[PDB]
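# Chains, contacts and geometry: an overview
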Amino acid sequence: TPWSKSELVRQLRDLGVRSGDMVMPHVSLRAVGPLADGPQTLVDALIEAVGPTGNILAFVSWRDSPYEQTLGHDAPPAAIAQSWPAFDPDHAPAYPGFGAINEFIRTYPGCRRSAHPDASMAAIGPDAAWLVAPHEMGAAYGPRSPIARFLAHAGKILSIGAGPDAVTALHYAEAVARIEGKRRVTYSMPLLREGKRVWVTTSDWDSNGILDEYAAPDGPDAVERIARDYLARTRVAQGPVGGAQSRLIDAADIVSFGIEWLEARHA
Ligand SMILES: CN[C@@H]1[C@@H](O)[C@@H](O[C@@H]2[C@@H](O)[C@H](O[C@H]3O[C@H](CN)CC[C@H]3N)[C@@H](N)C[C@H]2N)OC[C@]1(C)O
Ligand SMILES: [Mg+2]
């Protein structure tokens, strides 16, 4: 049998999602298994589980982010710059590599979307406008970003069959850690500003490895190493959602652990 909305709500409640919570899900739909109405069923169950006062925040990004094509240039190359679509928050699809559920979240009625084209965050709930803005170039996952507000707002991370590399909020620990040698990237995004396309060039912390030893692609990064150490050392609610082994993590706790872990290892 495929899982019904009501069964997933029950499981989410057994795991510890309460009415009013602020949740950031990371979902492997393959693990979950078959759903009554496809992925919309799990979206629907999440919304019901947090209730009319709860909030959902998701890292959705942008299917057509020109990140690789502009990485390391002081300006977009000319082929890119002439023809690349400007980021349109109402219509730009989610990046499919961060989870097929994110396109269902972002198109949910009333969903708000953040303005950062590559780091774009979507939010549903009464606090959604406050969560998603500001979201400036140069502040992808660190202070002043939606992640920072989620951490101040008692956020919980819900990992539904996702691995320890999927914990986006740990890039906040990388941004703020007082460690030597932190990598930075320079890249360019096409924004829509008063109906016109504008290319904006920025630098930010490298989200694909904050130090050279975390930057191999083959290759656990710091997010994954922190999360694995954390999960070995901490009591975390664990249980099934659909067919997937799921965890509910206190986001402020895991980020604090991450800052200490990084600062304890790098001089
Ligand atoms: C949509 N643009 C994205 C861009 O935002 C960024 O994406 C990274 C992503 O590669 C990392 O994750 C990826 O690489 C990790 C090891 N490097 C392992 C997990 C894997 N999903 C995330 N932890 C942070 C994102 N911003 O670099 C890759 C990309 C596709 O160009
Ligand atoms: Mg509230």
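## Quick notes on helix 11 (residues 251–265)
With 15 residues, helix 11 ought to run about 21 Å at 1.5 Å a step, and its terminal C-alpha atoms sit 21 Å apart, in line with that. Within the sequence span of helix 11, burial applies to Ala-251, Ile-254, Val-255, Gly-258, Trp-261 and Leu-262. Viewed along the axis of helix 11, the buried residues span an arc of 125 degrees, placing them on a single side of the element. Summarising the geometry of helix 11, the exposed residues directed more than 90 degrees from the buried face are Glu-260 and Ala-264. Where helix 11 is buried, its residues touch helix 8 (146–152), strand 6 (156–160), helix 9 (170–176), helix 10 (222–233) and strand 10 (244–250).

## Comments concerning helix 1 (residues 5–15)
Within helix 1, the full set of buried residues consists of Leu-8, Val-9, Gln-11, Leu-12 and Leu-15. Buried positions in helix 1, seen along its axis, are confined to an arc of 165 degrees and lie on one side of it. For helix 1, the secondary structure elements touched by its buried residues are helix 3 (40–50), strand 6, strand 9 (237–241) and strand 10.

## Focus on the sheet that holds strand 3 (residues 55–59)
If you walk across this open sheet you meet the seven strands as 4-5-3-1-6-10-9, and the pairing is mixed. On the outer flanks of this sheet lie strand 4 (112–113) and strand 9, each paired with one strand and no other. With four bridges connecting them, strand 3 and strand 5 (residues 121–124) associate as antiparallel partners. By the bridge assignment, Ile-56 is partnered in strand 5 with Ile-124.

## Here we look at the environment of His-116
Note that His-116 resides in the loop between strand 4 and strand 5. Along the sequence, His-116 and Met-189 sit 73 residues apart, while their C-alpha atoms lie 8.6 Å from each other. Not counting residues within four places of it along the chain, the set of residues in contact with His-116 comprises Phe-87, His-135, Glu-136, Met-137, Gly-138, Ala-140 and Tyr-187.

## A look at the site of ligand 1
Of all residues adjacent to ligand 1, which total 13 residues, the nearest are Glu-68, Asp-118, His-171, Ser-207 and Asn-208. Between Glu-68 and ligand 1, the recorded distance is 2.8 Å, taken from a side-chain N or O atom to an oxygen atom. Within the side chain of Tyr-141, an N or O atom sits 3.1 Å from a nitrogen atom of ligand 1. Relative to its unbound accessible surface of 620 Å², ligand 1 loses 80% to contact with the protein.

## Quick word on the packing of aromatic side chains
Considering all chains together, one arrives at seven aromatic pairs under this definition. Note on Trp-62 and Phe-87: the rings are 5.2 Å apart at their centroids and 55 degrees apart in plane angle, and the pair reads as tilted. Here the residue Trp-62 occupies a position in the loop between strand 3 and helix 4 (67–70), and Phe-87 occupies one in the loop between helix 5 (78–83) and helix 6 (102–106), the gap between them amounting to 25 residues. Pair check on accessibility: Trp-62 and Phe-87 agree, each one buried. The structure contains a cluster of three or more aromatic residues connected by ring pairs, namely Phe-59, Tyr-95, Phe-98 and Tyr-141. The ring of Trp-205 carries the charged tip of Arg-184 above its face, separated from the ring centre by 4.5 Å. When the ring centre of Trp-261 is taken as origin, the NZ or CZ atom of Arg-265, which lies over that ring, is 3.8 Å away.

The rules behind the values
Residues numbered from 1 in each chain as written, not as in the entry; some residues may be left out. Chains lettered and ligands numbered in written order. Heavy atoms only, no water. Helix = DSSP H or I, 4+ residues; strand = E, 2+ residues; numbered from the N terminus. Expected span 1.5 Å × (residues − 1). Buried < 20%, exposed > 50% of the residue type's maximum accessible area, 1.4 Å probe, protein only. Arc of directions from axis to C-beta. Contact = heavy atoms within 4.5 Å. Pairing = 2+ DSSP bridges. Near = heavy atom within 4 Å. Polar contact = N/O pair within 3.5 Å; in protein donor to acceptor, adjacent residues only side chain to side chain. Areas by Shrake-Rupley, 256 points an atom, 1.4 Å probe, with all protein chains shown as cover. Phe/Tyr/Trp six-rings, centres within 6.5 Å; stacked < 30°, edge-to-face > 60°. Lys NZ or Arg CZ within 6 Å of the ring centre and 35° of its normal.

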